[PDB]
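For what it's worth, full-length UniProt numbering labels the leading residue of the first sequence as 2, then goes sequentially.
From the three backbone atoms N, C-alpha and C, an ideal C-beta is built for every residue, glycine too.
Worksheet for the structure shown next.
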Amino acid sequence: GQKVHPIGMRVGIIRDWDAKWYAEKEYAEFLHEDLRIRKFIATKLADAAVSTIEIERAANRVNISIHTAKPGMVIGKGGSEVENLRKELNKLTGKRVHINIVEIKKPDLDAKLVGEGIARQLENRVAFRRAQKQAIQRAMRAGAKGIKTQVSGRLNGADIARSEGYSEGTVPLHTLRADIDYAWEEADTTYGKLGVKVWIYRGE
RNA sequence: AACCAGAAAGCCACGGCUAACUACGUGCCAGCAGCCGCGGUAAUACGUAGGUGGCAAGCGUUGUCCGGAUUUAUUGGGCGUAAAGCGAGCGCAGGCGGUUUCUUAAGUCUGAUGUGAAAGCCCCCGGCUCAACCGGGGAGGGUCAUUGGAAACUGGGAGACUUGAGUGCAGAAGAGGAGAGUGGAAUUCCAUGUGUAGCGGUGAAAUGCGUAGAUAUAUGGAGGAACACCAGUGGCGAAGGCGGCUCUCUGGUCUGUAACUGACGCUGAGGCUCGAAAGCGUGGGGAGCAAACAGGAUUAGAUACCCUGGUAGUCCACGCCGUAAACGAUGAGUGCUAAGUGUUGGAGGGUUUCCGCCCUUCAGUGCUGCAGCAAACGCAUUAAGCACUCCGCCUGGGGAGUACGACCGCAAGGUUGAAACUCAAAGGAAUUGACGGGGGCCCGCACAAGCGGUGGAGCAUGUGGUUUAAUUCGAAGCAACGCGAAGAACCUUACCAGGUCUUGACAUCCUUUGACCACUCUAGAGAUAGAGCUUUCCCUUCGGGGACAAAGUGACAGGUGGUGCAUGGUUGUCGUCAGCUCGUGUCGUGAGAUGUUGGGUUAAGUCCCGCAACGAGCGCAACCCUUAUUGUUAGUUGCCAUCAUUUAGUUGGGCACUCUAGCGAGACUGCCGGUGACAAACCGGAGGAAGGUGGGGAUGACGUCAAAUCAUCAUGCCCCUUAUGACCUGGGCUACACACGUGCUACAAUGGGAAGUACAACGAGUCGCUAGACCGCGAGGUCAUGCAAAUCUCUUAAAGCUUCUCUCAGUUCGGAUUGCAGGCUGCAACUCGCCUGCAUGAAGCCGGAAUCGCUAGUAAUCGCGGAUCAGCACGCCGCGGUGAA
């Protein structure tokens, strides 16, 4: 293998961490509470289709935020769902949690959402080729600069594994002022587990 | 007329040809197939099941004949390289033939008559309830026989011609052939004079000839063979082939004229002639060269390539054989279809000194090229184009030009020429890639130049092996072996011996519920067992809920069990090498090609120039981090210059410097000269701290290697389930006849010892770094001191620098190994820690063949820190000091 996780390079330089705090001498509880909370909202993603998670740090409380393409579905009917969040969270935390929400815009040009969708389609035994192609269809036409898409594994629920994908636009990688995103998902019907990885580029 | 849906459907097949698909079973076994081919753990191909499709009183398999086969080509094929022009001529028989008048009517067309049995195939009509079937009536078939016409074509008869053929007359060239003599140069042997120790040979050498005078050198003699220069994609011949000179005999070709005969032509099975080199017979001749052979060499072996000798043969006369890649792999005759360009031999016309130019034409002889053709490669008036005549030859690759038979030959052999059996191929051309002991250009500690290492010694470590009750698993050329393991005494920990459990150590549900703890004493190696105060409602609306046990209940959990060859993800390498691609146009019958090539340039597919290509993407570079100069903003826990004082930058005083760290500034071929097509770029220069990617790092394109990993994690399938799941103690993983990889300490005088003497940098610190002081020589202990930080500590770094002693020895070097007494952490250091003191004092005096690293603050050498971590580092990750060739 040879390549480098691309949001593992622009981190710190032009894009910043997504857990903004500072903890000297208290640096395992904070980490393994952040991990706990980050894991336990995977229930929402089943339908809410969230993208990001921040972990701010109060004086003695927990302020976070999220983004998802459906604000009504997450907060619920009369905001009661967010209350179930609060009460499950503080019980999970032992610390007063103060959540917040912002709506994501142009949810086509994300990366985790797109991988979520194409893995979804691959679950329903659909042709990977047209899946990738219509993904990049709706993506590029939303206004972008380049997309690549890779798929690997026991393709078409078939014999010895392979990998191949298609790309339009143009995506420079070794350059740094790139702001390129990246997302990697998984699925399978009955043949082990497949692999899809997606890269976008939306400005330097 | 009566009664009953009642007694009455099988067969082949479903991967492509071909119409019709999915489960279960087996696992290169069973088995199947007309041909491709299926079968080694998820089979539409094997077997059953269920579906589907084709036919249906039938359905399949075998055997046989025609088809598709243009694969015997009359309709209707071919011979440059794919199978196939005889080696070439002379020619009886035969096949085919210039132009015109008259004639005849064999061939030809056409008319009448006879005749071509009946039943069949076909056409019309007809009869059995229709159909087969039956019936009537018509055509078709001759190359037949007789008889009548026509006269173009071919044939037969009497004619006439001149273009084809041939002859005459006038000229031209030639290594065309046979016979007879003759010339010079050269090599060799011989005779003689001079002459002294070598000659000759090879990649290197040797064998060999020589002091019975060699090689060399000079004079003459002998003998046989081939003909230096002219020599030319020139000449002649039917082909094989022919080159010194002169003579006697002798064949063929070409141009002119147009006297003469009047189609006398072409091709040509059997036959006859000629026929390179090697070979045979008989008789000569023999200088060089050379199969066989001998000796010398190289080689694992070399009856071969290389060297020194050498016999038949090579030559001459007369016979014999009759074969070559006998080639242009291209049968012969004849006529038609653009050009350009040389050259051998001619004949005409102008200029003319033309015998030196120019124009027309005949005949050979080469190169380029248009139509056309060709599967492409290519050929193209010297067709492999367009067409007629005559000949030869071919029909998948092997078996094999073999066997038998026949003819020829003295003999070797030659000509002619199969079948049994086997396979699904064997072939021609052309594209992409790879490879070469083929070529051209250019890079890298890859060579060369240096410095230092390993292989020899002791010890640490990871392996292979062996032993074991177990030495738990993985890693296997470079790209495994100080590797996962960045801390094996218990664990950790998979493995072995024991003692133990079952919805189980861990998760969820459900029934009763309801709040488990914790604590002590016993027996125990603990796991546990047994008793003791006990786990106690955290909401109440009067009804209830969570944490919680414990029991039960079945839902079940559980696995470091299996498959990197079913997989996701994550790495190693080619490689920091410079490459890999696409869209649209254009070329090619097609695989494919153009771009991406040529010239210049470069670290580079980096740029410039020209070009059927125009444009683009991942790559290169740049954007990033750090190091070197510094402006400014800020001055403590940092700094101390201007002042004072104290042990001191401490404490006053200050922020100047130093440093800390934000924002700025700065290197861009920016200006100078030159080289260069004025371009790109290149050589030198100024200025500047750094000059030409300033030094270093992060950054790893398409893909190769079924490389590695189910043991970080995840996961299909297969598997264990009162046991491969689970709890505890004790031992392993540290075993030792042995082979290897990586490291450390050394074999001393640039050194050993003793005593004084200064200078860094990176980072760690609350149950931890210890200040200071006291004690013991030491590892350390005791009491106490700051420090959650530029303050305090680890921590005055060690090599360095200055003196003294030791004298070349296994030494005062080396300190492995071992006895004894201690220290620290640890519930516990025999197995199996680190360290101290004393005592003993091993191998070891620079290491073979071989082999590694390195181009500068590098190599070499000396210390510091920290990751994991009670504790344990010669390892690993960083820092700094000294400083070469």
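- Of the residues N61, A49, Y167 and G193, the one whose Cα lies closest to the Cα of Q133 is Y167.
- In this structure, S52 and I105 form a Cβ contact; the two beta carbons are roughly 6 Å apart against a cut-off of 8 Å.
- Around the beta carbon of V98, 16 or more other beta carbons sit within 10 angstroms, so the residue counts as buried.
- Close CB contacts of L46 within its chain, under the 8 Å cut and outside five residues either way in sequence, are with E117 (chain order).
- Secondary structure remark: continuous alpha helix (DSSP H) runs of at least 4 residues inside the UniProt domain "KH type-2" (38 to 106), in chain order: 43 to 46, 72 to 76 and 81 to 94.
- CA-CA distance, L36 to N91, rounds to 14 Å.
- For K134, the three-state secondary structure derived from DSSP is helix.
- Boundaries for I15: no beta strand (DSSP E) harbours it, and the DSSP string shows neither H nor E there.
- In the three-state scheme derived from DSSP, where H, G and I count as helix and E and B as strand, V199 is classed as strand.
- Bridge partners of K194 according to DSSP: none are assigned.
- Listed as beta-bridge partners of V152 by DSSP are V197.
- For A179, the secondary structure class from DSSP, reduced to helix, strand or coil, is coil.
- Shortest Cα-Cα distance from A188 to any of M10, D109 and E124 involves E124.
- When DSSP reads this structure, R163 sits in a beta bridge with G154.
- DSSP places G144 outside any alpha helix (DSSP H), giving it a letter other than H or E.
- Looking at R142, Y183 and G73, the one whose alpha-carbon comes closest to that of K4 is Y183.
- Judged by DSSP secondary structure, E205 falls outside any alpha helix (DSSP H); it is assigned neither H nor E.
- Just measuring C-alpha positions, the residue of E186, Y192 and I148 sitting nearest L156 is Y192.
- Using a C-beta cut-off of 8 Å, the region 61 to 73 makes no contact with the region 26 to 33, since fewer than three inter-stretch Cβ pairs fall below that distance.
- Per DSSP, reduced to three states, the secondary structure at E169 is strand.
- Taking 8 Å as the cut-off, the beta carbon of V197 is found no closer than this to the beta carbon of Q135.
- Here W200 is buried: its Cβ has 16 or more other Cβ atoms, across all protein chains shown, within 10 Å.
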